[PDB]
Amino acid sequence: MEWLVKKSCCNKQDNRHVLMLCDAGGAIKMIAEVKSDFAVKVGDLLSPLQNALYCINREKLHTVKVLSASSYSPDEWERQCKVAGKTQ
């Protein structure tokens with residue numbers, strides 16, 4: 001099972017990014033809060049490496065670490081986007 005970043009929320013302020021994880025085609029959509037050692041943006045594939053680590057874009061060298069995830073809802077997405085930026 002591999003996923004597609006359909007939306008992404010850049011940060012510095014607590015390193016925690018948030019992105020909409022979706023089906024590899026967009027047919028199903030979710031949200032995840034993650035930490036990242038590299039940039040990640042819309043159109044990137046994600047593929048698992050272990051329970052929490054996933055590749056970025058399509059290559060194993062670049063990684064995120066999942067922290068939480070949920071089914072998509074608009075208020076629940078924007079909530080996590082706020083947490084990515086110290087709740088503003």
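Quick one: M30, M20, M1, fewest Cβ neighbours within 10 Å first, how do they rank?
With the fewest neighbours first, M30, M20, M1 line up as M1, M30, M20.
In whole Å, what is the distance between the alpha-carbon centres of region 45-86 and region 1-43?
4 Å
Name the trypsin sites (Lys or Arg not before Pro) in region 1-50 that are in a loop by DSSP and that have at most 14 other C-beta atoms within 10 Å, would you?
Filter output for region 1-50: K12, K41.
Using the crude model of +1 on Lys and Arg Cβ and -1 on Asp and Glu Cβ, and no other charge, please compute the dipole size for the chain relative to its Cα centre, in debye to 20.
Computed about the Cα centre, the dipole is about 220 debye.
For the chain, what does the equivalent ellipsoid look like in terms of its semi-axes, each the square root of 5 times an eigenvalue of the Cα gyration tensor, given largest first in whole Å?
Gyration-tensor ellipsoid for the chain: 19, 15, 10 Å.
Which of the GluC sites (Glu not before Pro) found in the chain are in a DSSP loop and have at most 13 neighbouring Cβ atoms, other than their own, within 10 Å?
In loop regions of the chain (DSSP not H, G, I, E or B), the sparsely surrounded GluC sites (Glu not before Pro) are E2.
Give, in nm to one decimal, the length gained when the segment between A69 and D23 is fully stretched (0.36 nm per residue of separation minus the Cα-Cα distance).
Full extension from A69 to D23 adds 15.2 nm.
We place every Cβ from the backbone using ideal geometry, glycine too, and count neighbours over all the protein chains shown. Rule-based calculations on the coordinates, nothing more; no lab input.
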